[PDB]
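Novice: To be precise about what I am sending: the file is called upload_11.tsv and holds TSV, C-alpha atoms.
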```
chain	number	residue	atom	x	y	z
A	1	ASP	CA	0.00	0.00	0.00
A	2	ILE	CA	1.05	3.61	-0.60
A	3	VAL	CA	-0.13	6.79	1.15
A	4	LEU	CA	-0.74	9.71	-1.21
A	5	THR	CA	-0.22	12.70	1.10
A	6	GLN	CA	-1.04	15.60	-1.23
A	7	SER	CA	-0.26	19.29	-0.64
A	8	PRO	CA	-2.81	21.94	0.61
A	9	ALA	CA	-6.13	20.25	-0.19
A	10	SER	CA	-7.88	23.62	-0.56
A	11	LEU	CA	-6.42	26.72	-2.22
A	12	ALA	CA	-7.42	29.62	-4.49
A	13	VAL	CA	-5.83	30.33	-7.88
A	14	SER	CA	-6.81	33.23	-10.15
A	15	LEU	CA	-7.34	32.81	-13.90
A	16	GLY	CA	-3.91	32.73	-15.52
A	17	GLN	CA	-1.86	31.85	-12.44
A	18	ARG	CA	-0.26	28.41	-12.22
A	19	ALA	CA	-1.30	25.78	-9.66
A	20	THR	CA	0.95	23.27	-7.89
A	21	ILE	CA	-0.78	20.10	-6.67
A	22	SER	CA	2.14	17.99	-5.41
A	23	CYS	CA	1.17	14.44	-4.45
A	24	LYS	CA	3.81	12.90	-2.18
A	25	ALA	CA	3.91	9.10	-1.86
A	26	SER	CA	5.26	7.17	1.13
A	27	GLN	CA	6.51	4.34	-1.11
A	28	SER	CA	8.04	4.27	-4.60
A	29	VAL	CA	5.25	3.90	-7.15
A	30	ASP	CA	7.60	3.81	-10.15
A	31	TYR	CA	8.25	0.93	-12.53
A	32	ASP	CA	10.74	0.09	-15.32
A	33	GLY	CA	11.20	3.62	-16.64
A	34	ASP	CA	7.46	4.30	-16.21
A	35	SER	CA	5.78	5.79	-13.14
A	36	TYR	CA	2.22	4.68	-12.40
A	37	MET	CA	0.64	7.86	-11.03
A	38	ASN	CA	-2.73	9.06	-12.30
A	39	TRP	CA	-4.56	12.35	-11.72
A	40	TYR	CA	-8.32	12.83	-11.89
A	41	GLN	CA	-10.46	15.96	-12.14
A	42	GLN	CA	-13.68	15.10	-10.31
A	43	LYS	CA	-15.84	18.13	-11.10
A	44	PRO	CA	-18.80	19.12	-8.84
A	45	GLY	CA	-21.14	16.19	-9.46
A	46	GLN	CA	-19.15	14.60	-12.29
A	47	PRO	CA	-17.00	11.41	-12.59
A	48	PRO	CA	-13.20	11.93	-12.16
A	49	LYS	CA	-11.80	12.68	-15.63
A	50	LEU	CA	-8.49	10.97	-16.43
A	51	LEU	CA	-6.24	14.00	-16.94
A	52	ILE	CA	-2.76	12.45	-16.71
A	53	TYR	CA	-1.64	8.82	-16.63
A	54	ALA	CA	1.69	7.00	-16.23
A	55	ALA	CA	3.08	9.90	-14.15
A	56	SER	CA	3.35	12.54	-16.91
A	57	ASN	CA	1.80	10.97	-20.02
A	58	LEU	CA	-1.00	13.32	-21.10
A	59	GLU	CA	-4.33	11.58	-21.68
A	60	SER	CA	-5.54	12.02	-25.28
A	61	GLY	CA	-8.51	14.32	-24.72
A	62	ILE	CA	-7.51	17.23	-22.48
A	63	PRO	CA	-5.53	20.34	-23.57
A	64	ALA	CA	-1.71	20.50	-23.41
A	65	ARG	CA	-1.80	22.60	-20.21
A	66	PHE	CA	-1.99	19.74	-17.68
A	67	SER	CA	1.68	18.90	-17.14
A	68	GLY	CA	2.96	16.44	-14.55
A	69	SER	CA	6.41	16.56	-12.95
A	70	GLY	CA	7.24	13.75	-10.54
A	71	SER	CA	9.79	11.02	-9.84
A	72	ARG	CA	9.44	8.03	-7.48
A	73	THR	CA	7.26	9.66	-4.79
A	74	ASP	CA	7.52	13.44	-5.33
A	75	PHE	CA	4.81	14.13	-7.93
A	76	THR	CA	3.22	17.42	-9.01
A	77	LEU	CA	0.46	18.76	-11.28
A	78	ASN	CA	1.73	21.82	-13.17
A	79	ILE	CA	-1.32	23.73	-14.44
A	80	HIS	CA	0.12	27.02	-15.75
A	81	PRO	CA	-3.05	28.38	-17.47
A	82	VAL	CA	-5.60	27.83	-14.69
A	83	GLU	CA	-8.88	28.58	-16.47
A	84	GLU	CA	-12.41	28.35	-15.01
A	85	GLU	CA	-12.50	24.67	-16.11
A	86	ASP	CA	-10.12	23.88	-13.20
A	87	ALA	CA	-12.92	24.07	-10.62
A	88	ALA	CA	-12.71	20.46	-9.40
A	89	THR	CA	-11.01	18.21	-6.84
A	90	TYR	CA	-7.81	16.54	-8.06
A	91	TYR	CA	-6.85	13.09	-6.75
A	92	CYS	CA	-3.68	11.03	-7.19
A	93	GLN	CA	-4.22	7.27	-7.44
A	94	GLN	CA	-1.14	5.05	-7.38
A	95	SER	CA	-1.40	1.89	-9.49
A	96	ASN	CA	2.06	0.45	-8.85
A	97	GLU	CA	1.51	-1.78	-5.81
A	98	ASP	CA	-1.57	-3.30	-4.16
A	99	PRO	CA	-3.78	-2.11	-2.74
A	100	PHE	CA	-4.43	0.83	-5.08
A	101	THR	CA	-5.44	4.02	-3.27
A	102	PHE	CA	-6.19	7.69	-3.98
A	103	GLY	CA	-4.84	10.91	-2.50
A	104	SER	CA	-6.41	13.25	0.08
A	105	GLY	CA	-7.63	15.38	-2.83
A	106	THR	CA	-7.24	19.02	-3.80
A	107	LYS	CA	-10.39	21.11	-4.28
A	108	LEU	CA	-9.00	23.71	-6.68
A	109	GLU	CA	-11.20	26.81	-6.49
A	110	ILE	CA	-10.53	29.19	-9.39
A	111	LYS	CA	-10.76	32.96	-8.92
A	112	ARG	CA	-12.18	35.55	-11.32
B	232	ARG	CA	-4.28	-13.32	-32.44
B	233	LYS	CA	-5.95	-12.47	-29.12
B	234	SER	CA	-5.08	-9.79	-26.55
B	235	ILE	CA	-6.54	-8.93	-23.13
B	236	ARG	CA	-5.99	-6.13	-20.65
B	237	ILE	CA	-5.18	-7.79	-17.32
B	238	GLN	CA	-6.16	-6.48	-13.88
B	239	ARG	CA	-2.74	-7.12	-12.31
B	240	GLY	CA	-0.36	-4.23	-11.70
B	241	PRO	CA	1.55	-2.29	-12.55
B	242	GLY	CA	-1.43	-0.85	-14.43
B	243	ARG	CA	-3.59	-2.81	-16.86
B	244	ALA	CA	-1.26	-3.79	-19.70
B	245	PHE	CA	-2.12	-5.94	-22.71
B	246	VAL	CA	-1.03	-9.53	-23.29
B	247	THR	CA	-1.36	-11.22	-26.68
B	248	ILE	CA	-2.51	-14.79	-26.04
B	249	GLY	CA	-2.93	-17.10	-29.04
C	113	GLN	CA	-18.95	3.69	-29.36
C	114	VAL	CA	-18.69	2.48	-25.75
C	115	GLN	CA	-20.35	3.38	-22.42
C	116	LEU	CA	-20.76	2.05	-18.87
C	117	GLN	CA	-24.43	2.45	-17.92
C	118	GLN	CA	-24.40	1.45	-14.25
C	119	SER	CA	-27.40	1.53	-11.91
C	120	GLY	CA	-27.23	1.56	-8.11
C	121	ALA	CA	-29.33	4.35	-6.59
C	122	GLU	CA	-31.05	2.46	-3.77
C	123	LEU	CA	-31.85	3.30	-0.14
C	124	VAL	CA	-30.13	0.33	1.52
C	125	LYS	CA	-31.03	-0.58	5.10
C	126	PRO	CA	-28.47	-1.61	7.80
C	127	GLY	CA	-27.81	-5.31	7.23
C	128	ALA	CA	-29.13	-5.51	3.66
C	129	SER	CA	-27.69	-6.82	0.38
C	130	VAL	CA	-28.24	-4.71	-2.75
C	131	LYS	CA	-27.02	-6.15	-6.06
C	132	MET	CA	-25.83	-3.37	-8.40
C	133	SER	CA	-25.38	-3.77	-12.16
C	134	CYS	CA	-22.81	-2.03	-14.38
C	135	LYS	CA	-23.77	-2.66	-18.01
C	136	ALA	CA	-21.18	-2.28	-20.77
C	137	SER	CA	-22.62	-1.43	-24.20
C	138	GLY	CA	-20.19	-1.24	-27.12
C	139	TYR	CA	-17.77	-3.13	-24.87
C	140	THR	CA	-15.49	-6.12	-25.34
C	141	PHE	CA	-15.77	-6.83	-21.58
C	142	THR	CA	-13.39	-9.83	-21.34
C	143	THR	CA	-10.61	-7.55	-22.63
C	144	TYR	CA	-11.64	-4.50	-20.55
C	145	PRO	CA	-11.45	-5.32	-16.80
C	146	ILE	CA	-13.74	-3.21	-14.59
C	147	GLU	CA	-12.76	-1.52	-11.32
C	148	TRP	CA	-15.05	-0.08	-8.64
C	149	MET	CA	-14.40	3.12	-6.68
C	150	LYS	CA	-16.27	3.98	-3.47
C	151	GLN	CA	-16.61	7.67	-2.60
C	152	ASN	CA	-18.09	7.89	0.92
C	153	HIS	CA	-19.83	11.28	0.88
C	154	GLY	CA	-17.70	14.15	-0.45
C	155	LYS	CA	-14.39	12.44	0.32
C	156	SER	CA	-11.56	10.89	-1.73
C	157	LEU	CA	-12.08	7.79	-3.88
C	158	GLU	CA	-11.37	4.33	-2.44
C	159	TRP	CA	-10.46	1.51	-4.84
C	160	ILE	CA	-12.49	-1.45	-3.53
C	161	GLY	CA	-11.28	-3.92	-6.18
C	162	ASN	CA	-11.39	-5.04	-9.81
C	163	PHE	CA	-12.66	-7.84	-12.10
C	164	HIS	CA	-11.66	-9.73	-15.25
C	165	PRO	CA	-14.37	-11.43	-17.39
C	166	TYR	CA	-11.91	-13.48	-19.49
C	167	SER	CA	-10.36	-15.46	-16.62
C	168	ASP	CA	-13.07	-14.50	-14.09
C	169	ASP	CA	-10.37	-13.15	-11.77
C	170	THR	CA	-10.97	-10.46	-9.16
C	171	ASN	CA	-8.84	-8.44	-6.79
C	172	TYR	CA	-10.88	-7.26	-3.81
C	173	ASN	CA	-9.60	-4.91	-1.12
C	174	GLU	CA	-8.19	-6.57	2.03
C	175	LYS	CA	-10.99	-4.80	3.98
C	176	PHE	CA	-13.87	-5.53	1.56
C	177	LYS	CA	-12.60	-8.98	0.53
C	178	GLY	CA	-15.65	-11.24	0.53
C	179	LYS	CA	-18.24	-8.58	1.38
C	180	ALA	CA	-18.54	-7.51	-2.27
C	181	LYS	CA	-19.25	-10.43	-4.62
C	182	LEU	CA	-18.78	-9.59	-8.30
C	183	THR	CA	-21.05	-11.90	-10.31
C	184	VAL	CA	-20.25	-12.69	-13.95
C	185	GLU	CA	-22.80	-11.98	-16.69
C	186	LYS	CA	-20.90	-12.13	-19.98
C	187	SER	CA	-24.24	-12.87	-21.69
C	188	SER	CA	-25.43	-9.31	-20.97
C	189	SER	CA	-21.93	-7.78	-20.59
C	190	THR	CA	-22.87	-6.63	-17.07
C	191	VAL	CA	-20.90	-7.03	-13.83
C	192	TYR	CA	-22.98	-7.35	-10.66
C	193	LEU	CA	-21.72	-5.71	-7.46
C	194	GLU	CA	-23.52	-7.57	-4.67
C	195	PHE	CA	-22.86	-5.51	-1.54
C	196	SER	CA	-23.71	-7.64	1.49
C	197	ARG	CA	-24.22	-6.55	5.12
C	198	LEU	CA	-24.08	-2.85	4.17
C	199	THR	CA	-23.46	-0.82	7.33
C	200	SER	CA	-24.86	2.69	7.91
C	201	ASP	CA	-21.39	4.08	7.10
C	202	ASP	CA	-21.49	2.73	3.51
C	203	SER	CA	-23.15	5.74	1.84
C	204	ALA	CA	-20.88	6.36	-1.15
C	205	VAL	CA	-20.81	7.05	-4.90
C	206	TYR	CA	-19.68	3.91	-6.73
C	207	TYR	CA	-18.04	4.08	-10.17
C	208	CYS	CA	-17.27	1.15	-12.47
C	209	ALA	CA	-14.45	2.77	-14.48
C	210	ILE	CA	-12.02	0.89	-16.73
C	211	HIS	CA	-8.71	1.51	-18.54
C	212	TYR	CA	-10.31	1.73	-21.99
C	213	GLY	CA	-7.80	4.23	-23.37
C	214	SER	CA	-4.51	4.11	-21.45
C	215	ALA	CA	-3.22	1.09	-19.50
C	216	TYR	CA	-2.52	3.17	-16.38
C	217	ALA	CA	-5.78	4.82	-15.24
C	218	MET	CA	-9.50	4.64	-16.01
C	219	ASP	CA	-10.93	6.89	-18.73
C	220	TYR	CA	-14.55	5.69	-19.02
C	221	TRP	CA	-16.22	5.92	-15.60
C	222	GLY	CA	-19.76	5.00	-14.54
C	223	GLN	CA	-22.81	7.21	-15.09
C	224	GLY	CA	-23.00	8.12	-11.38
C	225	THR	CA	-24.45	5.80	-8.73
C	226	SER	CA	-25.03	6.37	-5.00
C	227	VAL	CA	-26.42	4.18	-2.21
C	228	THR	CA	-28.02	5.96	0.75
C	229	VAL	CA	-28.59	4.30	4.12
C	230	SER	CA	-31.94	4.74	5.89
C	231	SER	CA	-30.14	4.67	9.26
```
Can you turn what I pasted into structure tokens?

Specialist:
Amino acid sequence: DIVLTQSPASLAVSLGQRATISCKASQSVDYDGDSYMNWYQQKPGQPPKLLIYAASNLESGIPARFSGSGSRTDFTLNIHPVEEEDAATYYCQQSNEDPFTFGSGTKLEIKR
Amino acid sequence: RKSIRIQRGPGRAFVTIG
Amino acid sequence: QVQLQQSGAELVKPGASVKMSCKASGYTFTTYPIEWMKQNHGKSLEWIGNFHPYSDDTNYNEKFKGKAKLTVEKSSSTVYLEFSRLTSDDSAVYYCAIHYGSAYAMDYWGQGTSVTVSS
């Protein structure tokens, strides 16, 4: 099992400013040159969208503004252009070792 | 040729059986 | 096209056993293993386990191992989630998402399902 102790669960970021959702893991969730760390964007009353997979491999569907910088346990969600669409809770689920678990979550509240 | 996505980690990779 | 039309909006009573059903239209099923996520209230997701229709293999959570019996229905491409002895503290939003696109996380999640406890 791995504990996904994320950074400040709740924070405010204005439109344009970058957000930093760093998900720290207690154990190494990396594999043979491929980290297994996923990030979801569970919007208010909407299933968690698969934003990033395999640590930093963008999921074919979302814009090229959801970057992911992380190695071993120190992971982060680099969202430079934080638009209104970033009004959801982000979770980090490790799929390297059993049992698979999610992170504390990060309710990102955008600011006009 | 057959391939299935397994439920065993790491992740759900694909294995070509038969 | 593909879609996971799950149904599980029931008012379960302490000590009951509701059998959910996550249908998979436009699905291969045997090739696409399904995983369930339990979101107790407005909290983080909790991976309760997974299932494989090809080999009929499951991987339940050490805490919910045995309590949740995943029945196989390849005929209708639907996986049943029989939750037994549901305690009052089991009110959560289940989601039968799979790794349709990438082999790391789930892309196609369920159409929203929540079980409320009367007491």

Novice: Hey, what's within 12 Å of residue 20 of chain A if we count only C-alpha atoms and toss same-chain stuff fewer than 2 positions away? As an MDAnalysis selection string, please?

Specialist: chainID A and resid 6:13 17:18 22:23 66:70 75:82 90 106 108

Novice: For a quick check of understanding, using all atoms listed in the file, which of C:197, C:125, C:164, C:179 has the smallest distance to chain B?

Specialist: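 Of C:197, C:125, C:164, C:179, the one nearest chain B is C:164, counting all atoms listed in the file.
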
Novice: Which residue is closest to residue 121 of chain C? Choose from C:210, C:133, C:166, C:218 and count all atoms listed in the file.

Specialist: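 Under the stated criterion, the closest residue is C:133.
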
Novice: Any chance you could tabulate, as JSON lines, the residues of segment 152-181 of chain C at most 10 Å from segment 232-244 of chain B with each one's nearest atom pair and distance in Å to one decimal, using all atoms listed in the file, in chain and rising number order?

Specialist:
```
{"residue": "C:161", "atom": "CA", "partner": "B:238", "partner_atom": "CA", "distance": 9.6}
{"residue": "C:162", "atom": "CA", "partner": "B:238", "partner_atom": "CA", "distance": 6.8}
{"residue": "C:163", "atom": "CA", "partner": "B:238", "partner_atom": "CA", "distance": 6.9}
{"residue": "C:164", "atom": "CA", "partner": "B:238", "partner_atom": "CA", "distance": 6.5}
{"residue": "C:165", "atom": "CA", "partner": "B:237", "partner_atom": "CA", "distance": 9.9}
{"residue": "C:166", "atom": "CA", "partner": "B:235", "partner_atom": "CA", "distance": 7.9}
{"residue": "C:167", "atom": "CA", "partner": "B:237", "partner_atom": "CA", "distance": 9.3}
{"residue": "C:169", "atom": "CA", "partner": "B:238", "partner_atom": "CA", "distance": 8.2}
{"residue": "C:170", "atom": "CA", "partner": "B:238", "partner_atom": "CA", "distance": 7.8}
{"residue": "C:171", "atom": "CA", "partner": "B:238", "partner_atom": "CA", "distance": 7.8}
```

Novice: Here's a test: counting all atoms listed in the file, identify every protein, DNA and RNA residue with an atom at most 9 Å from (1.2, -2.4, -4.7) in the file's coordinate frame, and state them as a PyMOL selection string.

Specialist: (chain A and resi 1-2+29+94-100) or (chain B and resi 240-241)

Novice: Could you state the separation of atom CA of residue 219 of chain C and atom CA of residue 50 of chain A in Å, given to one decimal place?

Specialist: 5.3 Å

Novice: Given 4 Å on each side, where is the centre and what are the edge lengths in Å to one decimal of the axis-aligned box enclosing the listed atoms of segment 185-193 of chain C, as lines of an AutoDock Vina configuration file?

Specialist:
```
center_x = -23.2
center_y = -9.3
center_z = -14.6
size_x = 12.5
size_y = 15.2
size_z = 22.2
```

Novice: What separation in Å, quoted to one decimal, exists between atom CA of residue 194 of chain C and atom CA of residue 89 of chain A?

Specialist: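 Taking atom CA of residue 194 of chain C and atom CA of residue 89 of chain A, their separation equals 28.7 Å.
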
Novice: Excluding same-chain residues fewer than 3 positions from residue 123 of chain C, what lies within 6 Å of it counting all atoms listed in the file, as a ChimeraX atom specification?

Specialist: /C:227-229

Novice: Can you list, as number ranges by chain, every protein, DNA or RNA residue that comes within 6 Å of segment 117-120 of chain C when you count all atoms listed in the file, leaving out same-chain residues fewer than 5 positions away?

Specialist: C: 132-135, 222-223, 225

Novice: Go ahead and compute the interatomic distance for atom CA of residue 203 of chain C and atom CA of residue 150 of chain C, in Å to one decimal.

Specialist: 8.9 Å

Novice: Under the rule that all atoms listed in the file are counted, which of C:224, C:145, C:138, C:213 is the nearest residue to chain B?

Specialist: C:145

Novice: How would segment 76-105 of chain A look with N, CA and C atoms restored, written as an mmCIF file, in the coordinates of the input?

Specialist:
```cif
data_model
loop_
_atom_site.group_PDB
_atom_site.id
_atom_site.type_symbol
_atom_site.label_atom_id
_atom_site.label_comp_id
_atom_site.auth_asym_id
_atom_site.auth_seq_id
_atom_site.Cartn_x
_atom_site.Cartn_y
_atom_site.Cartn_z
ATOM 1 N N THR A 76 3.832 16.095 -8.980
ATOM 2 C CA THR A 76 3.220 17.420 -9.010
ATOM 3 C C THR A 76 2.387 17.630 -10.276
ATOM 4 N N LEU A 77 1.337 18.443 -10.155
ATOM 5 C CA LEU A 77 0.460 18.760 -11.280
ATOM 6 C C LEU A 77 0.650 20.227 -11.665
ATOM 7 N N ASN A 78 1.433 20.462 -12.715
ATOM 8 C CA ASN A 78 1.730 21.820 -13.170
ATOM 9 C C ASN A 78 0.660 22.337 -14.136
ATOM 10 N N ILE A 79 -0.260 23.148 -13.620
ATOM 11 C CA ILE A 79 -1.320 23.730 -14.440
ATOM 12 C C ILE A 79 -1.079 25.234 -14.594
ATOM 13 N N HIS A 80 -0.206 25.607 -15.531
ATOM 14 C CA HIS A 80 0.120 27.020 -15.750
ATOM 15 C C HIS A 80 -1.131 27.857 -16.025
ATOM 16 N N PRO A 81 -1.846 27.620 -17.145
ATOM 17 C CA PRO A 81 -3.050 28.380 -17.470
ATOM 18 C C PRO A 81 -4.287 27.853 -16.742
ATOM 19 N N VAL A 82 -4.462 28.276 -15.490
ATOM 20 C CA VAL A 82 -5.600 27.830 -14.690
ATOM 21 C C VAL A 82 -6.876 28.580 -15.084
ATOM 22 N N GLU A 83 -7.628 27.993 -16.010
ATOM 23 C CA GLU A 83 -8.880 28.580 -16.470
ATOM 24 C C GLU A 83 -10.027 28.186 -15.536
ATOM 25 N N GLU A 84 -11.239 28.655 -15.837
ATOM 26 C CA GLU A 84 -12.410 28.350 -15.010
ATOM 27 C C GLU A 84 -12.702 26.839 -14.973
ATOM 28 N N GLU A 85 -12.278 26.120 -16.014
ATOM 29 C CA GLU A 85 -12.500 24.670 -16.110
ATOM 30 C C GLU A 85 -11.771 23.890 -15.003
ATOM 31 N N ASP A 86 -10.869 24.544 -14.271
ATOM 32 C CA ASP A 86 -10.120 23.880 -13.200
ATOM 33 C C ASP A 86 -10.821 23.974 -11.848
ATOM 34 N N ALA A 87 -12.154 23.996 -11.856
ATOM 35 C CA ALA A 87 -12.920 24.070 -10.620
ATOM 36 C C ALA A 87 -13.378 22.676 -10.187
ATOM 37 N N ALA A 88 -12.415 21.830 -9.820
ATOM 38 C CA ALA A 88 -12.710 20.460 -9.400
ATOM 39 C C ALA A 88 -11.647 19.933 -8.438
ATOM 40 N N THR A 89 -11.948 18.816 -7.779
ATOM 41 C CA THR A 89 -11.010 18.210 -6.840
ATOM 42 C C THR A 89 -10.103 17.217 -7.564
ATOM 43 N N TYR A 90 -8.795 17.404 -7.414
ATOM 44 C CA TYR A 90 -7.810 16.540 -8.060
ATOM 45 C C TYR A 90 -7.317 15.460 -7.100
ATOM 46 N N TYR A 91 -7.314 14.212 -7.565
ATOM 47 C CA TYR A 91 -6.850 13.090 -6.750
ATOM 48 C C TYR A 91 -5.708 12.354 -7.442
ATOM 49 N N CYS A 92 -4.812 11.778 -6.650
ATOM 50 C CA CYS A 92 -3.680 11.030 -7.190
ATOM 51 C C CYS A 92 -3.766 9.565 -6.768
ATOM 52 N N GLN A 93 -4.101 8.694 -7.717
ATOM 53 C CA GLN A 93 -4.220 7.270 -7.440
ATOM 54 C C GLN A 93 -3.001 6.508 -7.933
ATOM 55 N N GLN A 94 -2.316 5.834 -7.017
ATOM 56 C CA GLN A 94 -1.140 5.050 -7.380
ATOM 57 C C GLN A 94 -1.556 3.646 -7.798
ATOM 58 N N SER A 95 -1.074 3.217 -8.960
ATOM 59 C CA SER A 95 -1.400 1.890 -9.490
ATOM 60 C C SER A 95 -0.133 1.073 -9.711
ATOM 61 N N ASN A 96 0.798 1.174 -8.768
ATOM 62 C CA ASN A 96 2.060 0.450 -8.850
ATOM 63 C C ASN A 96 2.028 -0.806 -7.984
ATOM 64 N N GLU A 97 1.587 -0.653 -6.734
ATOM 65 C CA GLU A 97 1.510 -1.780 -5.810
ATOM 66 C C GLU A 97 0.132 -1.860 -5.150
ATOM 67 N N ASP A 98 -0.279 -3.075 -4.797
ATOM 68 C CA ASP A 98 -1.570 -3.300 -4.160
ATOM 69 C C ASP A 98 -1.488 -3.046 -2.650
ATOM 70 N N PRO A 99 -2.557 -2.488 -2.047
ATOM 71 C CA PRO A 99 -3.780 -2.110 -2.740
ATOM 72 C C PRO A 99 -3.704 -0.701 -3.319
ATOM 73 N N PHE A 100 -4.410 -0.481 -4.425
ATOM 74 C CA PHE A 100 -4.430 0.830 -5.080
ATOM 75 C C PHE A 100 -5.263 1.804 -4.255
ATOM 76 N N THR A 101 -4.741 3.010 -4.056
ATOM 77 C CA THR A 101 -5.440 4.020 -3.270
ATOM 78 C C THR A 101 -5.340 5.400 -3.915
ATOM 79 N N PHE A 102 -6.183 6.324 -3.455
ATOM 80 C CA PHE A 102 -6.190 7.690 -3.980
ATOM 81 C C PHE A 102 -5.583 8.656 -2.964
ATOM 82 N N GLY A 103 -5.406 9.909 -3.380
ATOM 83 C CA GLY A 103 -4.840 10.910 -2.500
ATOM 84 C C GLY A 103 -5.907 11.677 -1.736
ATOM 85 N N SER A 104 -5.482 12.457 -0.742
ATOM 86 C CA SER A 104 -6.410 13.250 0.080
ATOM 87 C C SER A 104 -7.328 14.119 -0.782
ATOM 88 N N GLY A 105 -6.836 14.543 -1.943
ATOM 89 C CA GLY A 105 -7.630 15.380 -2.830
ATOM 90 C C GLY A 105 -7.248 16.838 -2.735
#
```
